[PDB]
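# Results of the structural survey
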Amino acid sequence: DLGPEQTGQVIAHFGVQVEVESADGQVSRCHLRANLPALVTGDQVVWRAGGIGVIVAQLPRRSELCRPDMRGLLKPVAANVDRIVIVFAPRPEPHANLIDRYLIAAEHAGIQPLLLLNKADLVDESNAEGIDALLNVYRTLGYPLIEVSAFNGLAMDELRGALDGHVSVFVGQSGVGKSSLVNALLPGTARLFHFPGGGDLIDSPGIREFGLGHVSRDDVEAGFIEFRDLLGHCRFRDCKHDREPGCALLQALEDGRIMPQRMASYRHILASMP
Ligand SMILES: Nc1nc2c(ncn2[C@@H]2O[C@H](COP(=O)(O)OP(=O)(O)O)[C@@H](O)[C@H]2O)c(=O)[nH]1
Ligand SMILES: [Zn+2]
């Protein structure tokens with residue numbers, strides 16, 4: 001016995017079994033057919049019913065969020081995420097370095113980012129010279145940025161709007177309010193939840209620690225939008241972009257098409273990779 005084929009999305013992964021939600025808005029547990037590739041939360045599948053179903057086939061993923069293995073290798077932990085929400089705050093102090101890192105991860109994963117200044121209620125006149133400075137570094141790169149407070153409620157209906165129609169992941173250093181933010185947007189391994197205003201979320205303590213490990217220099221360079229356009233124009237195809245004339249990047253910095261705050265963390269980060 002097996003009912004007809006159906007289209008659905010993966011909600012939870014209970015090892016041998018998988019929680020699956022359909023377009024109808026109904027949930028069912030489905031066993032995993034043997035031949036089937038590895039599945040993660042967010043994946044789109046074909047299944048048949050029987051209250052237990054059988055997952056028959058996996059539909060292509062649009063995107064993948066990976067995470068380091070027990071060994072140290074990257075294995076996917078979520079699928080079909082189209083937005084990564086990078087959350088920082090006035091406290092603890094935000095550094096360009098870690099932000100520039102999460103921005104690279106988002107590029108490596110092939111997923112569009114969205115920066116979030118949480119704890120905007122803590123933006124004193126004292127902080128603003130230092131804060132508006134850093135915000136407008138990513139504002140002038142074309143990146144989406146919102147200033148919010150999961151304490152106040154400041155600009156939360158814009159975030160709910162920014163999250164509408166997307167599948168989103170919440171990522172940032174600990175203590176910026178990731179838990180507080182989820183709870184504010186959802187009052188009551190990777191699991192998938194739906195925002196009441198619209199859009200979905202995939203969450204787990206492991207995905208929250210999602211960031212950047214060791215990669216290639218050419219990966220890192222691709223993580224800088226200013227860079228992507230120029231790379232391959234430095235005359236020296238062997239250019240290291242350091243004291244080298246004919247370095248397109250260098251000329252760009254001079255002209256102001258690269259910001260020194262960025263050209264710095266590029267050096268700091270690349271020199272952290274082996
Ligand atoms: N002042 C202020 N504090 C906040 C805000 N959002 C979160 N917090 C505080 O930040 C601290 C850490 O929050 P939490 O969600 O646990 O951070 P997480 O480690 O990133 O999940 C908590 O004590 C919260 O009260 C905010 O908008 N304003
Ligand atoms: Zn160069």
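Per-chain numbering applies: from 1 upward along each written sequence, possibly unlike the entry's numbering, with residues missing coordinates excluded. To label them, take the chains in the order written and letter them from A, then take the ligands in the order written and number them from 1. Hydrogens and water molecules were not included; the side-chain quantities draw on all heavy atoms of the structure. Residues with missing side-chain atoms are left out of burial classes, side-chain pairs and their counts.

Structure determination for this entry is recorded as X-ray crystallography, at 2.9000 Å resolution.

This part covers the layout of surface pockets. Estimated volume of the largest pocket: approximately 320 Å³. Segments assigned H or I by DSSP are reported as helices when at least four residues long, segments assigned E as strands when at least two residues long, and all are numbered from the N terminus. For the lining of the largest pocket, the secondary-structure elements that each account for two or more residues are strand 6 (64–68) and helix 1 (96–108). In terms of residues, the lining of the largest pocket owes the most to one element, strand 6, which gives four residues. When the residues that make up the lining of the largest pocket are grouped by side-chain class, the tally is eight nonpolar, five polar and three charged. Formed jointly, the lining of the largest pocket draws a minimum of three residues from each of two domains, domain 2 (61–212) and domain 3 (213–274). Lining residues are those with an atom within 4 Å of a point, where the points come from a 1 Å grid over the protein atoms alone and group into cavities, where a 1.4 Å probe fits but cannot get out, or pockets, open sets with protein on both sides within 12 Å along at least five of seven lines. Grid points are joined across faces, edges and corners, and a volume is the space filled by probe spheres set on the points. Under the scheme applied, nonpolar residues are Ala, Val, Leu, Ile, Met, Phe, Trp, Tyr, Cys and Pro; charged residues are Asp, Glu, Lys and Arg; polar residues are all the others, including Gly. As annotated, the domain borders come from an automatic or database domain assignment.

Taken together, 15 residues surround ligand 1, and among them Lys119, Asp121, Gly175, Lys178 and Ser180 come closest. Under the rule applied, a polar contact is a pair of N or O atoms within 3.5 Å (in protein, one hydrogen donor and one hydrogen acceptor; residues adjacent in sequence only if both atoms are side-chain atoms). For ligand 1, an oxygen atom lies 3.2 Å from a polar atom in the backbone of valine 176. Contact between ligand 1 and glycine 177: an oxygen atom at 3.1 Å from a main-chain N or O atom of the residue. Against a free-state accessible area of 590 Å², the protein chains account for coverage of 68% of ligand 1. Residues that form the shell around ligand 1 fall into these classes: four nonpolar, eight polar and three charged. For this purpose, a residue is taken to be near a molecule or strand whenever a single non-hydrogen atom of the residue falls within 4 Å of it. Computed with the Shrake-Rupley method and a 1.4 Å probe, the accessible areas treat only the protein chains shown as cover for residues.

Atoms of type N, O and S within 2.8 Å of a metal are treated as its donors, and for Na, K and Ca the window is 3.2 Å; water is not considered, so some sites may appear to be missing partners. Note on the zinc ion (ligand 2): its protein donors are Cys234 (SG), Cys239 (SG), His241 (ND1) and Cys247 (SG). The metal-donor distances range over 2.1 to 2.5 Å. Under this scheme a four-donor centre is tetrahedral when all angles range from 85 to 135 degrees, a four-donor centre is square planar and a six-donor centre octahedral when opposite donors are above 155 degrees with the rest from 65 to 115, and any other centre is irregular. Viewed at the metal, the four donor atoms of the zinc ion (ligand 2) are separated by angles of 102 to 116°, and the geometry they form is tetrahedral. Within one chain, the residues donating to the zinc ion (ligand 2) are spaced in sequence as C-x4-C-x1-H-x5-C. Each member of the pair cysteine 234 and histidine 241 is classed as buried. Each residue is placed in one exposure class: buried if its accessible area under a 1.4 Å probe, protein chains only, is under 20% of its type's maximum, exposed if it is over 50%, and partly exposed if it falls in between.

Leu65, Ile84, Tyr138 and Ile202 are the most contacted members of the largest nonpolar core, which totals 33 residues. Contributions of two or more residues to this core are made by strand 8 (83–88), helix 1, strand 9 (112–117), helix 2 (125–139) and strand 11 (167–171). The greatest single-element share of this core, amounting to six residues, is contributed by helix 1. Filtering out sequence-adjacent residues up to four positions away, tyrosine 138 remains in contact with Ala96, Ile99, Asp100, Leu103, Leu115, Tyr143 and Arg262. We call a set of buried residues a nonpolar core when its members are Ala, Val, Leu, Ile, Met, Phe, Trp, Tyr or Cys and they connect through side-chain atoms within 4.5 Å of each other. We call two residues contacting when some pair of their heavy atoms lies within 4.5 Å.

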